[PDB]
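Report on the structure given below.
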Amino acid sequence: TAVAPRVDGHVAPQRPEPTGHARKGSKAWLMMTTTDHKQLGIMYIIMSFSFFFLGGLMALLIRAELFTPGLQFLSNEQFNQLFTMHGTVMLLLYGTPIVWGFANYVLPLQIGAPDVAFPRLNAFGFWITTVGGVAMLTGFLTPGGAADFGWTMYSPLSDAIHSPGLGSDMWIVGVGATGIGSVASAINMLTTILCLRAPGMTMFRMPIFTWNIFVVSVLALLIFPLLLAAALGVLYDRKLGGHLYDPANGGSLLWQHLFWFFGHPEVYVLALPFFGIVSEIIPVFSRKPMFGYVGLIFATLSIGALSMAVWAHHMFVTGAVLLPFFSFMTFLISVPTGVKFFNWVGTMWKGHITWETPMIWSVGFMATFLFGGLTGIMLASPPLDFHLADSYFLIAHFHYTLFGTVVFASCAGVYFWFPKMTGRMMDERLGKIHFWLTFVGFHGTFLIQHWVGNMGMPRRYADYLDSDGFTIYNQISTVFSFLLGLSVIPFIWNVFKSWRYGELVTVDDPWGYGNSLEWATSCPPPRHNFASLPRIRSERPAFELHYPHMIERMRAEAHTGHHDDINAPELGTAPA
Amino acid sequence: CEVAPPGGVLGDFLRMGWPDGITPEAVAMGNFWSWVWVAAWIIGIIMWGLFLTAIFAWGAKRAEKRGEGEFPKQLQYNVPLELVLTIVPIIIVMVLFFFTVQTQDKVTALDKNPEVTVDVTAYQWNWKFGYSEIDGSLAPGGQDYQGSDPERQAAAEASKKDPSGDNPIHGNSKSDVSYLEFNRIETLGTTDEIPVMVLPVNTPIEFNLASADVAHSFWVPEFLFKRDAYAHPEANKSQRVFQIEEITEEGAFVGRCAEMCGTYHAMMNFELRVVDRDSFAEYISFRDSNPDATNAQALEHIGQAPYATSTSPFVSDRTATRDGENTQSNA
Amino acid sequence: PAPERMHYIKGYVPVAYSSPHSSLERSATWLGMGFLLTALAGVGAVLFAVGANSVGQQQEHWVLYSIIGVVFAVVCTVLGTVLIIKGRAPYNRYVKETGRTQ
Amino acid sequence: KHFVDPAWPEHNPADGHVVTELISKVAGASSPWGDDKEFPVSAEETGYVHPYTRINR
Amino acid sequence: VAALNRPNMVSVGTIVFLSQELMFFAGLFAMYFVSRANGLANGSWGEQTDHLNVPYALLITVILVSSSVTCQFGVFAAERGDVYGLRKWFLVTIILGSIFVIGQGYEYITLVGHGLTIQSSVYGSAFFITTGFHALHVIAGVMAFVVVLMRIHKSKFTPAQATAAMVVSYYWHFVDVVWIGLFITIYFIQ
Amino acid sequence: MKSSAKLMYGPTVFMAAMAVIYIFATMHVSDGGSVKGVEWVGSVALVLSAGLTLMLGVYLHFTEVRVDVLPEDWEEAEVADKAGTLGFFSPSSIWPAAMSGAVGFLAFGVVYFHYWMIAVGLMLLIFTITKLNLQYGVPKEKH
Ligand code: HAS
Ligand code: HAS
Ligand SMILES: [Ca+2]
Ligand SMILES: [Cu+2]
Ligand SMILES: [Mn+2]
């Protein structure tokens, strides 16, 4: 290992300015024209949280109308439009774009690149996703309204003969545009990992967030073409008079098979990157390495393989899929998804945990998501899914699970990387208020729905009778739903206030124990990320950079076995 | 599962809101459900306890107030333990899959020797029931009773092709309805009336599902079972018949549509009323003799309430339900 | 091409997953990983056969399902295993040639 | 003899080609301005004539 | 002293993009095969393939594979640094692709002339969706070749323009392969 | 890029295995909750998915076999080994937003199925992609 000369006249490079000091006109034309991956990432994240507010407003209208038996202000049609568009907005305009926004921001900082591979394709992905959102929501401006066939768009209910409004077309092209955005983003991230890593940043030294973005890019590239093909087939059918999805052509189950071959990998595409964010956060605040790193990589790639073979557990009650095959496959993919929890407990096992906001959000994620997945294996068993399919039990399952990942771990990522993004910290107290409001409201909303679903309530029911016995459960659930809706008020205030008046960051790593490479650079990074690079040797280079006296210790304690090769002889001779 | 749950309040908690089940295979599914929740609660309790141990033992201030120093033990790998913790889940899910296959194969069998076969038709947005087969022991007259209305079934069969030649779907007309069933004794639901399907106790029954347009689903929560009803079930390779070995106890049971089908999806309810074997023989005899008589009159004739009780028709008015009263009563 | 081993002084111990002698790049390993994941499906097959038999159905074919399950499982397990070992050969001779394991 | 574009780099003929479909001599995209060029240059040899503008006040 | 060989980044991006375009055409093929299963369930499919014209399809197949050979000759020209060979072969490839799409348009016009339409049968629906999406991909490919010729007309021919030409050749090879597969399914085995 | 090229053979072998298994199973096995027959969607989907991972694995391997030992693929690389040019990157471009707007006009035309909207959207799209691809090559003005 070489050593440089103590060069004369050396002073550290200049720190970039934090947010809130901007002059007018500084971002308008830049936003419109930038190809900076990290401004594009900030734009992605702001956009996706705005859509989160839209979709959640739709959800709270749904919860208001389910508060008591009769139809108090909504119609059946409007309730159907509401749940359809709540589902579509939250999955395709919040979830996938926030995945690609976090990827865009932090990934080149993690692998040590200045840019992404294809900057203008990155810009294109952002703008086409925004246009997809605008198109999808434009259906509400019609007199008939938005699409109202559920976010799955089952056939023949989606045929023109059975859903003739223009919103039903708008929905299709909306999801199509969002998929186009996703494939652009996927191409970018994959090439950027293959072609722009730093010296010594071998594949098995990347952080785990990078590995997850790798495999979900592969999955997205598999699946989003297929959704565009199937939905342009539907639009072909509707506009030209085709008959591919005719019921006498087996078209109903053609659609269901195609849709779920796209759609279950999409929920894994949403889950894995946020597991990766949590695997970044948990070791930083435990002051301990990420336990079982290579095993985590194998588990991630195992999910990537299995996700394409588990698809038809969304079709058990159709009486038209081979039950044991998909049941066993789902039971298998439960295994690597669950190994992640063992790894996070190993990362916390006898650590020195400090409870800043991102650690609180991450442990809340773990607690929330465990119950959702335990609920999931019940649905993996067809004997139970015969009763549980399309019940409110299913609503409770996937809300526990999609909040666990895409909401809890998304806020964990926001709190964790806000200093790096902006050069400013957020208010820890307001963050804890946000967390406790979200936690209490969420469990109060969706825990009691397991019971009302088991008791016999189906999903997508605008109205019910007071003889069903559903009323009291719906009332409790809606009260806590409005609480959960209030939870975003401290979050918006915290972001806004801290963006322009937040505590200034004076250190490269304000949490102290940053593992990944993004904490080896300033807050915020310069335009091309790095003013200088460290030696990459571990998978946590920044930790080795800031605490060299530990580099002897960790190498001794890394393994449980009694490895003695610190007394091994010299190897090689000289050149490097 | 053959094994019964723990029972008592523990069983009530374990089955977590499931009905008791009015068939033998519903009992099997409920058993299996309670036991998998014993398992699930064990897993959830121990792992939430680990997440609490993280809060209350592995903290940094507790570690610093007892002199542990700056950093913990930088352990990262334990190849045996991270093998065992992976292999144990596999052997768990293999046992889960074994019991799953047992229960699924009992529920899903089609060799239960049905004595009453009902043809079910779903449409936007109600149900039509009809008796396809009633084997002799309870049948009207004692001879094995077939229900088909030949003239009407033949009209539906002739609607399979357009005389004007607009036959695009593999040679058949687009509005083919020859897959649907037309019987003599039928009960047809309306916005004003809930269709009440009468069935006998302690008799093996077959249900034969199909839809007139769009996918629906036949969920009786007391059977702990549902299946999707499709248009042209054979073109979709969707097994359209299912069989139950018996209904164990008599009463009135609600049933709902459990697949999104459009505007009035939430208003597509039916009742499954279950009566004595001889009472069912009387009901079917009455209906077969005077086919102009309605369903309510036959129900009165065998001494039951004329209209559904586990559910009620909705007020069709789009605003009258605004202040709570969304149900219209019958005589 | 780059040399076979690199300069390690006594007392230095690396994190060496992407080294030239590591089975994580030798191609045999990843095929063996594929086949080991694939072998579990035969366990699924034999369990489905035995479970269907135990309740009295699949009676014309459950022995054939058991046969194909066990043979598929064992051949995938075996050829995946030996492929893993053929991937892990160079690291093993490295561990012999020098005291270094990490 | 066959044609070569005047903007094309010269190279060691044993080293194959400047670029081919599988491989290049650079990690990103090759520059439109020729990779043989070295920037910056003098402003005199860019040819930009910076205007002198005075407007009536 | 010399520079190390690295993966051509633009080629990697193009190959990833072409993998996901293959996965686009997967779904249309699945639609076709589900339709074909339903059609052979009562022997109606064969009576609709009795309108097909296999010699003409084989002709335009020969034309398209010839055009792919042509664009690879152009690739060779580009990597040697010769703008004129590239600029010749790519124009020949554009001519051959134009001939392809005009022949496919004539095929549609004659099929409509005697029955086959999107609305007349399920066969017609499957046939025209699959062949029409492929023809749209061919038209995008010839658009790509023309834009390359413009690029190398008005910008100097550095390696940065040569990489562009090579990846547009990759795109044309993908459409040629999709055609061979679509021709093998809908014309031969039917 | 050895490990990246080689780890694409895990899912390739797995998806091919699941394809053949699913195919034989759906055509031969019978249970009371489905009708026997080969299920063509999942068949084509899984085999084409194994085709995608095969495609990437084979291309990346065929490239890996003739790239040199790069510093980012080396365990003891010094930071000064990648010193020099890294490559060209676009600093700015208005044409991505332009392309999104063209695709928006096309998609709304497809929605309403106005023919002029489809024509204009396709024209806009070819124009904006062309201008994107001609950005860093437009001539100097010759007056
Ligand atoms: C982020 C998004 C999602 C993730 C992740 C997710 C994970 C799972 N899901 Fe799911 N889900 C289903 C099963 C699972 C299983 C088995 C897992 C697994 O990934 C769960 C593994 C995770 C765990 C956290 C396991 C426990 C962890 C540990 C560490 C203990 C070791 C594990 C053991 C021993 C196995 C457990 C054994 C026990 C006895 C408890 C099924 C069917 O089996 C359906 C369809 C049902 C229907 O149609 O009604 C379904 C439906 C959905 C829908 C339906 C949307 C719609 O409208 O149709 C969505 C959005 C969704 C999201 C997500 N889901 N899921
Ligand atoms: C990542 C994916 C998702 C997230 C996150 C999500 C969040 C929620 N969901 Fe959901 N959703 C439901 C309820 C909720 C609620 C209450 C929330 C909550 O997170 C929403 C709260 C979040 C917000 C972000 C609200 C922001 C609040 C604002 C903007 C107002 C604040 C101001 C106030 C309150 C006034 C101040 C007052 C003072 C006194 C100060 C329900 C039922 O309660 C159903 C089934 C409906 C049915 O009939 O089947 C449903 C259906 C779905 C479906 C299936 C769609 C379909 O079947 O077609 C999907 C895929 C999905 C995804 C997702 N959903 N959801
Ligand atoms: Ca209400
Ligand atoms: Cu799923
Ligand atoms: Mn369903």
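By order of appearance in the structure tokens: chains A, B, ..., then residues from 1 within every chain, and ligands from 1 in the order shown.
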
Check which residues fall inside 6 Å of ligand 2 when counting only C-alpha atoms and all ligand atoms, and print them as a count of residues only.
27

Please extract the residues at most 8 Å from ligand 3, counting only C-alpha atoms and all ligand atoms, and provide them as a ChimeraX atom specification, using the chain letters and residue numbers of this document.
/A:64-73,462-463 /B:322,324

Pull the closest atom pair for each residue of chain B that gets at most 6 Å from ligand 1, along with the distance in Å to one decimal, counting only C-alpha atoms and all ligand atoms, ordering rows by chain and then ascending residue number, as JSON lines.
```
{"residue": "B:36", "atom": "CA", "partner": "ligand 1", "partner_atom_place_in_ligand_line": "39 (C)", "distance": 5.5}
{"residue": "B:39", "atom": "CA", "partner": "ligand 1", "partner_atom_place_in_ligand_line": "39 (C)", "distance": 4.9}
{"residue": "B:40", "atom": "CA", "partner": "ligand 1", "partner_atom_place_in_ligand_line": "40 (C)", "distance": 3.9}
{"residue": "B:89", "atom": "CA", "partner": "ligand 1", "partner_atom_place_in_ligand_line": "34 (C)", "distance": 4.7}
{"residue": "B:92", "atom": "CA", "partner": "ligand 1", "partner_atom_place_in_ligand_line": "34 (C)", "distance": 5.8}
```

Using C-alpha atoms, can you write the selected residues to a file as a PDB file, in the first residue's frame?
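Wrote out_20.pdb, looks like this:
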```
ATOM      1  CA  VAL B  36     -51.563 -22.289  12.135  1.00  0.00           C
ATOM      2  CA  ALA B  39     -47.763 -21.307  15.281  1.00  0.00           C
ATOM      3  CA  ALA B  40     -48.018 -17.725  14.023  1.00  0.00           C
ATOM      4  CA  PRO B  89     -37.860 -22.244   8.101  1.00  0.00           C
ATOM      5  CA  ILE B  92     -41.358 -25.532   8.868  1.00  0.00           C
TER       6      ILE B  92
END
```

Near residue 185 (chain E), counting only C-alpha atoms, which residues have an atom at most 10 Å away, once you skip same-chain residues fewer than 4 positions from it, shown as a VMD selection string?
chain E and resid 29 32 to 33 179 to 181 189 to 190

Give the helix (DSSP H, G or I) residues of region 64-169 of chain A, as DSSP finds them on the backbone, and put them as an NGL selection string.
:A and (64-65 or 76-111 or 119-141 or 167-169)

Quick check: residues of chain F within 9 Å of chain E, only C-alpha atoms, returned as a VMD selection string.
chain F and resid 1 39 to 45 48 to 49 51 to 53 55 to 56 59 to 60 63 to 64 66 to 70 126 130 133 to 134 136 to 139

Residue neighbourhood region 97-102 of chain C, 9 Å, only C-alpha atoms, exclusion window fewer than 6 positions, as an NGL selection string:
(:A and (563-569 or 571)) or (:C and (13-17 or 91))

Go through A:528, A:243, A:205, A:21 one by one, measure the shortest atom-to-atom distance of each to chain E using only C-alpha atoms, and give the residue with the smallest value.
A:243

Between CA of residue 94 (chain E) and CA of residue 145 (chain E), what is the distance, to one decimal in Å?
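Atom-to-atom, CA of residue 94 (chain E) and CA of residue 145 (chain E) are spaced 6.8 Å apart.
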
Applying 7 Å and only C-alpha atoms, which residues near residue 22 (chain B) remain after dropping the ones on its own chain fewer than 2 positions away? List them as a PyMOL selection string.
chain B and resi 20+26+222-223+247-249

Shell of 12 Å around ligand 5 (only C-alpha atoms and all ligand atoms), written as a VMD selection string:
(chain A and resid 150 152 to 155 252 to 253 256 260 312 to 320 385 to 391 394 458 to 460) or (chain B and resid 215 to 219 226 to 230 257 to 261)

To check your reading of the model: which residues sit at most 12 Å from ligand 4 when counting only C-alpha atoms and all ligand atoms? Write the answer as number ranges by chain.
A: 257, 259-269, 306-316, 326-327, 329-331, 333-334, 373, 376-377, 379-380, 389, 394, 397-398

Any chance you can output those residues with N, CA, C and O atoms as a compact mmCIF listing (two decimals), in the first residue's frame?
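For reference, out.txt as written:
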```txt
# COMPACT_ATOMS: atom_id res chain seq x y z
N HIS A 257 -53.78 -14.10 -15.56
CA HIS A 257 -52.44 -14.66 -15.60
C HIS A 257 -51.41 -13.60 -15.97
O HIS A 257 -50.40 -13.44 -15.29
N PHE A 259 -51.65 -10.32 -15.84
CA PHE A 259 -51.58 -9.25 -14.87
C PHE A 259 -50.78 -9.66 -13.66
O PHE A 259 -49.95 -8.89 -13.18
N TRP A 260 -51.01 -10.86 -13.13
CA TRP A 260 -50.32 -11.22 -11.91
C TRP A 260 -48.88 -11.64 -12.16
O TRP A 260 -48.05 -11.47 -11.26
N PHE A 261 -48.56 -12.11 -13.37
CA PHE A 261 -47.16 -12.29 -13.72
C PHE A 261 -46.43 -10.97 -13.73
O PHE A 261 -45.23 -10.93 -13.46
N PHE A 262 -47.11 -9.88 -14.07
CA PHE A 262 -46.51 -8.57 -13.84
C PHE A 262 -46.53 -8.21 -12.36
O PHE A 262 -45.53 -7.72 -11.82
N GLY A 263 -47.64 -8.46 -11.69
CA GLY A 263 -48.02 -7.75 -10.49
C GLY A 263 -47.43 -8.25 -9.20
O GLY A 263 -47.22 -7.44 -8.30
N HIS A 264 -47.18 -9.55 -9.06
CA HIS A 264 -46.52 -9.95 -7.82
C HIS A 264 -45.05 -9.52 -7.81
O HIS A 264 -44.54 -9.05 -6.77
N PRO A 265 -44.31 -9.66 -8.92
CA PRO A 265 -42.95 -9.10 -8.93
C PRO A 265 -42.92 -7.62 -8.65
O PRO A 265 -41.90 -7.12 -8.19
N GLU A 266 -44.01 -6.90 -8.91
CA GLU A 266 -44.03 -5.48 -8.64
C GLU A 266 -44.07 -5.21 -7.14
O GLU A 266 -43.44 -4.27 -6.66
N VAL A 267 -44.78 -6.04 -6.38
CA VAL A 267 -44.78 -5.85 -4.94
C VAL A 267 -43.42 -6.24 -4.37
O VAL A 267 -42.96 -5.67 -3.37
N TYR A 268 -42.71 -7.18 -5.01
CA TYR A 268 -41.34 -7.43 -4.55
C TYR A 268 -40.38 -6.31 -4.95
O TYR A 268 -39.45 -5.98 -4.21
N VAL A 269 -40.61 -5.71 -6.12
CA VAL A 269 -39.86 -4.52 -6.54
C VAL A 269 -40.06 -3.39 -5.55
O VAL A 269 -39.16 -2.57 -5.34
N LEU A 306 -37.21 -16.41 -7.28
CA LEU A 306 -38.49 -17.03 -6.93
C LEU A 306 -39.68 -16.17 -7.30
O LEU A 306 -40.77 -16.70 -7.53
N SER A 307 -39.51 -14.85 -7.37
CA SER A 307 -40.66 -13.96 -7.55
C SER A 307 -41.38 -14.20 -8.87
O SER A 307 -42.57 -13.87 -8.97
N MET A 308 -40.70 -14.75 -9.87
CA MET A 308 -41.32 -15.01 -11.16
C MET A 308 -42.08 -16.32 -11.22
O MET A 308 -42.71 -16.60 -12.24
N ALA A 309 -42.04 -17.14 -10.16
CA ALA A 309 -42.70 -18.44 -10.14
C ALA A 309 -43.82 -18.55 -9.13
O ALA A 309 -44.45 -19.61 -9.04
N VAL A 310 -44.10 -17.50 -8.36
CA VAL A 310 -45.09 -17.55 -7.29
C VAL A 310 -46.38 -16.84 -7.67
O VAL A 310 -47.21 -16.58 -6.80
N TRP A 311 -46.58 -16.54 -8.95
CA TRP A 311 -47.48 -15.44 -9.29
C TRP A 311 -48.94 -15.78 -9.03
O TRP A 311 -49.71 -14.93 -8.60
N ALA A 312 -49.34 -17.02 -9.28
CA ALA A 312 -50.75 -17.35 -9.37
C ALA A 312 -51.37 -17.72 -8.03
O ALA A 312 -52.43 -18.36 -8.01
N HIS A 313 -50.76 -17.34 -6.92
CA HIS A 313 -51.46 -17.39 -5.64
C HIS A 313 -52.48 -16.27 -5.49
O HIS A 313 -53.16 -16.22 -4.47
N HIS A 314 -52.59 -15.38 -6.47
CA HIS A 314 -53.67 -14.42 -6.55
C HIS A 314 -54.88 -14.97 -7.28
O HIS A 314 -55.80 -14.20 -7.58
N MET A 315 -54.90 -16.27 -7.56
CA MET A 315 -55.90 -16.88 -8.42
C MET A 315 -56.35 -18.22 -7.86
O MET A 315 -56.79 -19.09 -8.61
N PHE A 316 -56.23 -18.42 -6.54
CA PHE A 316 -56.60 -19.71 -5.97
C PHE A 316 -58.10 -19.95 -6.07
O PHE A 316 -58.53 -21.08 -6.33
N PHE A 326 -48.25 -23.55 -6.86
CA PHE A 326 -48.10 -22.18 -6.41
C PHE A 326 -48.12 -22.07 -4.90
O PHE A 326 -47.46 -21.19 -4.33
N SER A 327 -48.84 -22.96 -4.21
CA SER A 327 -48.79 -22.94 -2.76
C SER A 327 -47.38 -23.24 -2.25
O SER A 327 -46.85 -22.51 -1.40
N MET A 329 -44.60 -22.90 -3.92
CA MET A 329 -43.67 -21.86 -4.33
C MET A 329 -43.78 -20.64 -3.42
O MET A 329 -42.76 -20.02 -3.08
N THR A 330 -44.99 -20.30 -3.00
CA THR A 330 -45.16 -19.20 -2.06
C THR A 330 -44.54 -19.54 -0.71
O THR A 330 -43.87 -18.70 -0.09
N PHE A 331 -44.76 -20.77 -0.24
CA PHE A 331 -44.12 -21.22 0.99
C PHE A 331 -42.61 -21.15 0.91
O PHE A 331 -41.94 -20.90 1.91
N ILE A 333 -40.77 -18.91 -1.16
CA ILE A 333 -40.36 -17.51 -1.16
C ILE A 333 -40.60 -16.83 0.18
O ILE A 333 -40.07 -15.74 0.42
N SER A 334 -41.38 -17.44 1.07
CA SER A 334 -41.46 -16.92 2.43
C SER A 334 -40.12 -17.01 3.17
O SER A 334 -39.87 -16.22 4.08
N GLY A 373 -46.46 -10.13 7.07
CA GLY A 373 -45.96 -11.34 6.45
C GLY A 373 -46.51 -12.60 7.09
O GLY A 373 -46.76 -13.59 6.40
N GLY A 376 -49.49 -13.11 5.53
CA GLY A 376 -49.34 -13.55 4.15
C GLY A 376 -49.27 -15.06 3.98
O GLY A 376 -49.82 -15.60 3.02
N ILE A 377 -48.59 -15.76 4.89
CA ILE A 377 -48.48 -17.21 4.73
C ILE A 377 -49.82 -17.90 4.89
O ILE A 377 -50.00 -19.02 4.41
N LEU A 379 -52.55 -16.77 3.50
CA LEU A 379 -53.06 -16.68 2.15
C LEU A 379 -52.31 -17.60 1.21
O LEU A 379 -52.86 -18.01 0.18
N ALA A 380 -51.07 -17.95 1.54
CA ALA A 380 -50.32 -18.91 0.73
C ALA A 380 -50.95 -20.29 0.77
O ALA A 380 -50.74 -21.08 -0.16
N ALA A 389 -59.77 -14.84 0.59
CA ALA A 389 -59.55 -14.09 -0.63
C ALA A 389 -60.63 -13.03 -0.83
O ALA A 389 -61.82 -13.28 -0.65
N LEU A 394 -57.59 -9.52 3.58
CA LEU A 394 -56.57 -9.26 2.58
C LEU A 394 -56.15 -7.80 2.58
O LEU A 394 -54.96 -7.48 2.42
N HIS A 397 -53.82 -7.44 5.43
CA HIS A 397 -52.52 -8.01 5.09
C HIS A 397 -51.69 -7.02 4.30
O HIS A 397 -50.63 -6.57 4.76
N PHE A 398 -52.16 -6.65 3.11
CA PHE A 398 -51.27 -5.89 2.26
C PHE A 398 -51.13 -4.45 2.73
O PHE A 398 -50.14 -3.82 2.37
```

Counting only C-alpha atoms, which residues of chain C sit at most 10 Å from some atom of chain A, and what is each one's closest atom pair with its distance in Å to one decimal, listed by chain and rising residue number, as a Markdown table?
```
| residue | atom | partner | partner_atom | distance |
| --- | --- | --- | --- | --- |
| C:3 | CA | A:572 | CA | 9.5 |
| C:4 | CA | A:572 | CA | 9.3 |
| C:5 | CA | A:572 | CA | 6.3 |
| C:6 | CA | A:572 | CA | 5.3 |
| C:7 | CA | A:572 | CA | 4.1 |
| C:8 | CA | A:571 | CA | 4.9 |
| C:9 | CA | A:570 | CA | 4.5 |
| C:10 | CA | A:570 | CA | 4.8 |
| C:11 | CA | A:566 | CA | 5.0 |
| C:12 | CA | A:566 | CA | 6.5 |
| C:13 | CA | A:566 | CA | 6.1 |
| C:14 | CA | A:537 | CA | 7.5 |
| C:15 | CA | A:538 | CA | 6.0 |
| C:16 | CA | A:204 | CA | 8.6 |
| C:17 | CA | A:204 | CA | 6.1 |
| C:18 | CA | A:204 | CA | 6.3 |
| C:19 | CA | A:202 | CA | 9.3 |
| C:24 | CA | A:204 | CA | 9.0 |
| C:33 | CA | A:298 | CA | 9.3 |
| C:34 | CA | A:305 | CA | 9.1 |
| C:37 | CA | A:302 | CA | 8.2 |
| C:40 | CA | A:332 | CA | 8.7 |
| C:41 | CA | A:328 | CA | 8.1 |
| C:43 | CA | A:328 | CA | 9.8 |
| C:44 | CA | A:328 | CA | 6.4 |
| C:45 | CA | A:325 | CA | 8.3 |
| C:47 | CA | A:324 | CA | 9.7 |
| C:48 | CA | A:324 | CA | 6.8 |
| C:49 | CA | A:324 | CA | 9.9 |
| C:98 | CA | A:568 | CA | 7.7 |
| C:99 | CA | A:568 | CA | 5.3 |
| C:100 | CA | A:565 | CA | 5.1 |
| C:101 | CA | A:565 | CA | 6.6 |
| C:102 | CA | A:565 | CA | 7.5 |
```

Near residue 58 (chain E), within 12 Å and counting only C-alpha atoms, which residues show up once chain neighbours fewer than 4 positions away are dropped, as a VMD selection string?
chain E and resid 52 to 54 62 to 65 100 103 to 104 179 to 180 182 to 184 186 to 188
